[PDB]
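# Structural description and commentary
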Amino acid sequence: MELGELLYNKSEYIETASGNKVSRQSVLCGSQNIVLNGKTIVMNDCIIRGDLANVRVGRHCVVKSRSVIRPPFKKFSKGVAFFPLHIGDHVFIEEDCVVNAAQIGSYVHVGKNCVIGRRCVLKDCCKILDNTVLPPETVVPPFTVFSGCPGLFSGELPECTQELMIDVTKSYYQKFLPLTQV
Amino acid sequence: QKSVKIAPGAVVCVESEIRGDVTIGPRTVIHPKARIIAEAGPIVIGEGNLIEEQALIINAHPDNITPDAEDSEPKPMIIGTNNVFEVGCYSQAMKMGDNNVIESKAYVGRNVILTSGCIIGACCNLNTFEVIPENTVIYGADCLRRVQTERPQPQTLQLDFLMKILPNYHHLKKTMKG
Amino acid sequence: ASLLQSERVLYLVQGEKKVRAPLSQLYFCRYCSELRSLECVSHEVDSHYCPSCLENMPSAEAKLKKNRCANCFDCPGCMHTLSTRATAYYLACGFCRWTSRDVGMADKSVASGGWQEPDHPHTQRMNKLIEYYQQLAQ
Amino acid sequence: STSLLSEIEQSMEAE
Amino acid sequence: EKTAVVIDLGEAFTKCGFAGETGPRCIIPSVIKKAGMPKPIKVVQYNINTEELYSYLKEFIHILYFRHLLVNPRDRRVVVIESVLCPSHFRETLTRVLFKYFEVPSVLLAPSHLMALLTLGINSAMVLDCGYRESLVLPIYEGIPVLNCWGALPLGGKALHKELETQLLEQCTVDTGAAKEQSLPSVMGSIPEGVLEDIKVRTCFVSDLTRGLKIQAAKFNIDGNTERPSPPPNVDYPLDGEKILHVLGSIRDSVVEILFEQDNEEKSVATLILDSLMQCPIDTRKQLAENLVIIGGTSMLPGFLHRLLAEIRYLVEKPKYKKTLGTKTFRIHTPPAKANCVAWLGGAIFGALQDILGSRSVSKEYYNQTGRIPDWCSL
Ligand SMILES: Nc1ncnc2c1ncn2[C@@H]1O[C@H](COP(=O)(O)OP(=O)(O)OP(=O)(O)O)[C@@H](O)[C@H]1O
Ligand SMILES: [Mg+2]
Ligand SMILES: [Zn+2]
Ligand SMILES: [Zn+2]
């Protein structure tokens, strides 16, 4: 089953030099600090909070609408500060997501209506099924589904996730073409 | 006039939507896109109650009946101190005690009363109404699973650090003196 | 995986058992030109690793420690990794606020190694019984 | 690295 | 020699682990989560077509061997604890799954009652297993299970769950919380098995002998005037979050009385032991009476053993048993393991006996040559 068409009106999007397609309605905060590596899709009502720490995001990742990327807060012994958030290449974040993960690897897929606890670490090629909460300090190993409330390991992904996911994200970018201005 | 006068030291951002005759304490922080709508009556918020992101606090008149009870029916919402309102929280409780944190994506019922030290877990709903006992943690989406806790825990250092970093990036609402 | 509905397209796998499964879930042996399924193939254990702290564990250590990590603890109220917190240390869960103080385990001075499991009361009689039945079996 | 603010400024310049 | 694994399949729970261990490593519900179906399917099902049972057992044993036991299946022997008079087709299907697919070296189809006997160190007792599906009494005398004097009744956990569901649906009082704070009986058509099991294990208990008899008499209430004992307080069990089922006090002690109710047939959990004992050889009675072993999950309910022993001593005085079993001293054993896994502990003790376990068990070469698993039915 190929990725279906998903058209957008060209007026409320910004296409950048690197190829990032960031929606106008997305709430970018501290945009001087945010870094997108190109070919990124940030949909409407996305609250990317770069005003607290470095929020770097990899290539071809998709951040669906109404999703918040907020870097976590860590209380270390020497004092207090905000940990920078890092997201790898080819990450598919579904809508209505809440992300407080310290690190999200590459080839990751977060299900819709998901909340990720503070300072979580998501290794590469992991899935989180829909309507799932990951409490803080939860480490998802590669090739595992973390589902339920709380998210518990309840399966393993197929072998070819590194290939399937990079196909899916590329198809999503290639099929996210602007509406016909007729 | 929906008086938005706030005590000094508040770091509410202009992006954070606040409507109605609100009242917020000195040290309270409010993040961008926080919604504080006060249509039924004024909202009183004490010091230190930090509001995060998609926090929709509506003092909405009860549409379940809407009998025009006591004409206006002000019912001011009083919120305690050293509280936390995480991302996606949907709070409607009229009274809230000090040292109250509600995790992300939580529903609080209109008729609920939140006492001191209580914690609401993420992806939980409190449509049912009753007074919450002290230091009660409500966890789980399948059910509520109320569990007694030994003590509360505030987040003052995070609030202080937010006070440092926020006004440099975002323009806080330049509220005049109350 | 689930973004494109792989279950829509089902390849059939030849063999003793006729199984229809998505192409992503099939394996193609190169020596046997017929592709092989997950049910047809034989599984073997290659290594043990703790999911919380991604530390590979040798099989002998896995047998000795009963397939359990040396450091991490799973919360009893909800199966979530308990986190050590310092006041002089105690385990506290992240989702529910289950602390070590609830069941009454004294705070350990050391960070990680202090915590240990109780000994089974009937292990001595188990050893006596197994020794007796071993000599009878002999 | 090219910060997202720089890309937004360049997009504004293009318009 | 590598340590042999031990498996005890049951309708309610499956106990898995390694031999020579103080207790089972794994104990889980005997279900497999197939994709697309909300409520999972029971692994151990009798009277179903062999292909479906084969697939279910394949998936479940794979889960056991690669999720709970972290070890290959081919390397280590197996000690499968199956109850006596287990359905034949299920047994050969299980052995076929173990041999053809997993290629284990050999599986020992040990009986549960004898294994439960091994844990105590004695060599003769009347083993009663109060399983999920049914309660079963078997006497063992010097390592010889006396199949001729077997007994069984369908008063396990399944009947108890059904009785609990019936009583709850009758005296249902649930606060839905959505404009239904008052009692709203039977808002849900049927309670799931998990909720019934949790209510049974957490709230319900077995009352004393005198209280139980008074409850049974007051159930009829023929010319009775408040003869029932005062019940325990009601318990408000939360369902699904908002819902709050007000489990009545009377249910908590009356639901389990179906096990000990006679009902004009002289058949109950307690009477089962006496019925089996009265059929035994004349010499075997005393050693079987003084050695009683109780196993099974239902026996773990609070106050079950006291009620059982009191009911045994009470029914002994009745005219049917007075002549034969009248002057007898019944005594219950206390095996080292919890009654859930006494049979597993016996199988684990048998597993470490490496020398005999090779000869007693059925080699895969023999199974391939013949394909016929040994059984106590005629060959
Ligand atoms: N710790 C416990 N306390 C009380 N009841 C329990 C406990 N564990 C299990 N049960 C109940 O005991 C019954 C299960 O008994 P058990 O685990 O011995 O059966 P099984 O081995 O699954 O089944 P069977 O022997 O019929 O194949 C169910 O009613 C379960 O609710
Ligand atoms: Mg049993
Ligand atoms: Zn670990
Ligand atoms: Zn917990």
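Per the PDB record, the structure was determined using cryo-EM to 3.37 Å resolution.

## Looking at the overall build of chain C
From N to C terminus, chain C includes 3 helices and 7 strands. Relative to the compact-globule value of 14 Å for 138 residues, chain C shows a C-alpha radius of gyration of 24 Å, a clear excess of over 25%. Each principal axis of the C-alpha atoms in chain C carries an extent, and together these give about 60 × 55 × 25 Å.

## Let's talk about the coordination of the zinc ion (ligand 3)
Residue and element names in this part refer to chain C. The protein atoms that coordinate the zinc ion (ligand 3) are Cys50 (SG), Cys53 (SG), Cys69 (SG) and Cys72 (SG), at distances of 2.3 Å. Taken together, the 4 donor atoms surrounding the zinc ion (ligand 3) define angles of 104 to 115 degrees at the centre, an arrangement classified as tetrahedral. Sequence spacing of the donor residues for the zinc ion (ligand 3), all on one chain, is C-x2-C-x15-C-x2-C. In this pair, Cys50 is assigned in the loop between strand 3 (48-49) and strand 4 (56-57) and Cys69 in the loop between helix 1 (59-64) and strand 5 (73-74), connecting sequence segments 19 residues apart.

## Quick word on the interface of chain C and chain E
Listed by partner, the interface residues are 22 residues for chain C and 32 residues for chain E. Among the elements that make up the side of chain C that touches chain E, the one with the highest residue count is helix 3 (residues 123-137) of chain C (8 residues). Residues that form the side of chain C that touches chain E fall into these classes: 8 nonpolar, 8 polar and 6 charged.

## Comments concerning the sheet that holds strand 17 (residues 127-128) of chain A
Residue and element names in this part refer to chain A. The strand order across the open sheet formed by 9 strands is 1-2-5-8-13-15-17-20-21, and the pairing between neighbours is mixed. In the strand order of this sheet, the two ends are held by strand 1 (13-15) and strand 21 (152-153), each with one partner. Pairing of strand 2 (residues 21-23) with strand 5 (residues 41-42), which is carried by 2 bridges, proceeds in the parallel orientation. Across the sheet, the residue bridging to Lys21 is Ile41, located in strand 5.

## Brief notes about the coordination of the zinc ion (ligand 4)
Residue and element names in this part refer to chain C. On the protein side, the zinc ion (ligand 4) has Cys75 (SG), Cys78 (SG), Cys93 (SG) and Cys96 (SG) as donor atoms, found 2.3 Å from it. The coordination sphere of the zinc ion (ligand 4) comprises 4 donor atoms, whose angles at the metal cover 106 to 112 degrees; the geometry is tetrahedral. Overall, the relative accessible area of 5% leaves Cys78 in the buried class.

## Remarks on the site of ligand 1
Residues and elements named next belong to chain E. Taken together, 18 residues surround ligand 1, and among them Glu11, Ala12, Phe13, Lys15 and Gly297 come closest. Interatomic distance of 3.0 Å between a backbone N/O atom of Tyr132 and an oxygen atom of ligand 1. For ligand 1, whose free accessible area comes to 650 Å², the fraction covered by protein is 85%. Put simply, the parts of the chain that give the shell around ligand 1 at least two residues each are strand 2 (13-18), helix 4 (157-170) and helix 5 (193-202). Here the shell around ligand 1 takes 3 residues from helix 5, the largest share from any one element. Considering only residue class, the shell around ligand 1 consists of 5 nonpolar, 8 polar and 5 charged.

## Observations regarding the packing of aromatic side chains
Within the structure shown, the criterion is met by 14 aromatic pairs over all chains. The rings of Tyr8(A), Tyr13(A) and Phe176(A) are connected pair by pair, giving a single aromatic cluster. Seen from the ring of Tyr90(C), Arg101(C) lies directly overhead, with NZ or CZ sitting 4.4 Å from the centre. One cation-aromatic arrangement involves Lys58(E) over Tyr101(E); the distance from NZ or CZ to the ring centre is 5.0 Å.

The rules we used
Residues numbered from 1 in each chain as written, not as in the entry; some residues may be left out. Chains lettered and ligands numbered in written order. Part of a larger assembly, values for the part shown. Heavy atoms only, no water. Residues with missing side-chain atoms left out of burial classes, pairs and counts. Helix = DSSP H or I, 4+ residues; strand = E, 2+ residues; numbered from the N terminus. Rg over C-alpha atoms; globule rule 2.2 N^0.38 Å. Donors = N, O, S within 2.8 Å, 3.2 Å for Na, K, Ca; no water. Tetrahedral: all angles 85-135°; square planar, octahedral: opposite > 155°, others 65-115°. Contact = heavy atoms within 4.5 Å. Nonpolar A, V, L, I, M, F, W, Y, C, P; charged D, E, K, R; others polar. Pairing = 2+ DSSP bridges. Buried < 20%, exposed > 50% of the residue type's maximum accessible area, 1.4 Å probe, protein only. Near = heavy atom within 4 Å. Polar contact = N/O pair within 3.5 Å; in protein donor to acceptor, adjacent residues only side chain to side chain. Areas by Shrake-Rupley, 256 points an atom, 1.4 Å probe, with all protein chains shown as cover. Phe/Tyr/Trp six-rings, centres within 6.5 Å; stacked < 30°, edge-to-face > 60°. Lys NZ or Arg CZ within 6 Å of the ring centre and 35° of its normal.

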